[PDB]
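Residue numbers begin at 1 in each chain, while the letters A, B, ... track the order of the sequences.
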Amino acid sequence: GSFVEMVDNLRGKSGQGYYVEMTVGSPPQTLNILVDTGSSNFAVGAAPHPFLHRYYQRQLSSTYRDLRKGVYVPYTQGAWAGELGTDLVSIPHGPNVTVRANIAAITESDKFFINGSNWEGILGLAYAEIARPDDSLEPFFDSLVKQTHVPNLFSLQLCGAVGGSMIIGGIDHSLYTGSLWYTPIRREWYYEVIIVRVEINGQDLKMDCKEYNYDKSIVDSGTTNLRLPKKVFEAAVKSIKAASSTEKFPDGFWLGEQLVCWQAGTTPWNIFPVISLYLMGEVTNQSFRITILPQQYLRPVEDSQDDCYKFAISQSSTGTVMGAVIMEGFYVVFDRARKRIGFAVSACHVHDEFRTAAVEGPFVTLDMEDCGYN
Amino acid sequence: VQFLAXX
């Protein structure tokens, strides 16, 4: 395909995010950058840290421009402080352009960098509304679109156990099978969407759909788990436990506190249920559903002849987060230009000879507009 | 990983 040089441009370690190479400054300084659709700041380590192999050296970049402004970004877990500036940025396995973008030079951090992750910075791909210090700090993708011809769209194929593709400016048809189904971006801050129904092994969880989106539902490549609001999490676990009752597991397993291990290659995938989220469609009263397997929501832990897994559906107090657990099933199109997100079955998703992830529709769902939090 | 708190 025409976007062939962008295929396979992502790497990572399971549970530690996916990163892309970005070349910053002049002469070039290439760094590994975590791809995060759940935040909106481009930031790179810029001082030594025990967990960093390399970092951004501003004094060596002739094109660096100091903004004389500090910046601080806290995440669900982790935080960093740094200094704002602009510099030239290219993505060597991305679009054939170079932009002048805002960059936060990370000078201090807490629980942000990860020993052995191989990444040195983060690329916040969400919208300006959630940028720090405020919405006047243009995010990277905004700069890319404003300064160049590159279409206002990117797509992510995250291939779990790590690798994948970030196609920038379009879609590559080798990365999915079947059809792309689109759900509206409800509001441009996070990539916010609306979940209208949840099933476990085809069985409706039967909660009011407002619960699923309280107080938001977002697509977040920078979060590992599928995170669910407390009431939804509790109901989901009870249903998943019931569906997998041919085996018993300790309470702490379902809470992500205990791991369970199997002899290499013997994991009984079949005893665990599939999980479906129905998403609002592009036509009135029409929805579609995405369905993931235990291969997605049971995550291999690093890492003998024993395959250990963590249950990667967890509780949230800030709404639903569709993290890697969801995304690893699918090719996900962030169609900013048309304010929609597309899902199709991923050509690289992990499955078995019995079940596959799925994206199916259309279905009929009424009053979907009421599901959203105000 | 668990990426924005706040926004």
Side-chain angles (χ1 to χ4, degrees), chain A residues 12-19 32-47 49-52 71-82 104 106-126 130-133 139 156 158 160-162 189-192 214-230 232-233 237 252-259 296-303 308-328, chain B:
Chain A
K13 311 301 292 185
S14 187
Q16 302 191 351
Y18 290 77
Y19 58 80
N32 287 333
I33 309 295
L34 181 147
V35 169
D36 185 19
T37 62
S39 68
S40 304
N41 284 83
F42 177 40
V44 301
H49 182 285
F51 300 166
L52 294 177
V71 52
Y72 179 95
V73 178
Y75 301 88
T76 299
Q77 159 202 321
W80 55 255
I106 300 173
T107 56
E108 302 285 356
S109 64
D110 179 41
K111 302 185 181 182
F112 181 66
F113 297 116
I114 302 172
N115 199 6
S117 71
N118 207 32
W119 56 261
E120 295 121 4
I122 182 161
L123 176 65
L125 290 165
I130 64 172
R132 308 318 304 177
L156 285 175
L158 306 183
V162 205
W189 57 328
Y190 298 97
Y191 288 98
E192 182 186 3
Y214 172 72
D215 59 346
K216 61 186 167 297
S217 297
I218 70 173
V219 187
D220 180 7
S221 64
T223 290
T224 296
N225 290 0
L226 170 60
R227 308 185 59 222
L228 299 173
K230 171 56 168 188
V232 181
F233 173 78
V237 162
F253 171 73
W254 304 111
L255 305 179
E257 295 173 349
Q258 303 182 244
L259 310 183
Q296 278 74 64
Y297 67 79
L298 296 186
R299 293 198 120 250
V301 170
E302 197 287 281
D303 237 336
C308 297
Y309 297 89
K310 182 184 174 183
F311 182 68
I313 302 179
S314 57
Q315 170 184 312
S316 169
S317 69
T318 65
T320 292
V321 184
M322 302 164 63
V325 166
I326 289 289
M327 293 184 69
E328 288 176 358
Chain B
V1 284
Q2 282 180 98
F3 305 131
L4 178 75

ask   = Is the count of non-hydrogen atoms from other residues, nucleotides or ligands lying under 6.0 Å from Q77(A) atom CD greater than 12?
value = yes
message = Does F113(A), at its CZ atom, have more than 12 non-hydrogen atoms belonging to other residues, nucleotides or ligands within less than 6.0 Å?
response =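 Yes, enclosed.
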Counting C-beta onward and ignoring hydrogens, is there a side-chain heavy-atom pair between [X] and [Y] closer than 4.5 Å?
X       : Y       : value
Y297(A) : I326(A) : no
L255(A) : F233(A) : yes
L228(A) : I313(A) : yes
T320(A) : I218(A) : no

message = Could you walk me through whether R299(A) and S14(A) satisfy the side-chain hydrogen bond (donor to acceptor under 3.5 Å, both in side chains) test, starting with their C-alpha distance in whole Å, then the side-chain angles of each, then the deciding distance to 0.1 Å, before giving a yes or no?
response = CA-CA 8 Å; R299(A) 293 198 120 250; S14(A) 187; 2.9 Å; yes
ask   = Considering the options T76(A), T223(A), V219(A), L226(A), which one meets the side-chain contact (heavy atoms from CB on, under 4.5 Å) requirement together with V321(A)?
value = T223(A)
ask   = Taking all non-hydrogen atoms of both residues, which atom of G17(A) and which atom of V1(B) are closest, and how far apart?
value =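 Smallest interatomic distance, heavy atoms only, reads N-CG2, 3.9 Å.
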ask   = Would you call the rings of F112(A) and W119(A) parallel, tilted or perpendicular if under 30° counts as parallel and over 60° as perpendicular?
value =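 Answer is perpendicular, since the angle exceeds 60°.
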task = Classify the angle between the aromatic ring planes of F311(A) and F253(A) as parallel (below 30°), tilted (30 to 60°) or perpendicular (above 60°).
result =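 Taking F253(A) first and then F311(A), their aromatic rings sit tilted (interplane angle of 30° to 60°).
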request  = State whether the side chain of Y190(A) and the backbone N or O of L4(B) hold a donor-acceptor pair below 3.5 Å, judged by distance alone.
outcome  =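 Checked: pair present.
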task = Using a strict 4.0 Å threshold on nitrogen-to-oxygen distance, state whether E302(A) and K310(A) make a salt bridge.
result =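 No, this pair does not count.
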key: ring-ring contact (aromatic ring centres under 6.0 Å, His included) partners of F51(A), counting only residues at least two apart   = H49(A)
message = What verdict does the side-chain hydrogen bond (donor to acceptor under 3.5 Å, both in side chains) test give for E328(A) and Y18(A), after you've listed the backbone C-alpha separation in whole Å, the side-chain angles of each residue and the deciding distance to 0.1 Å?
response = CA-CA 11 Å; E328(A) 288 176 358; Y18(A) 290 77; 2.7 Å; yes
inquiry  = So that I know where these two stand, are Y19(A) and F3(B) an aromatic pair - ring centroids less than 6.0 Å apart?
reply    = no
inquiry  = My understanding is that only residues two or more places apart in sequence, or in another chain, count here; which of them pass salt bridge (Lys or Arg N to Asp or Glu O under 4.0 Å) with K230(A)?
reply    = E234(A)
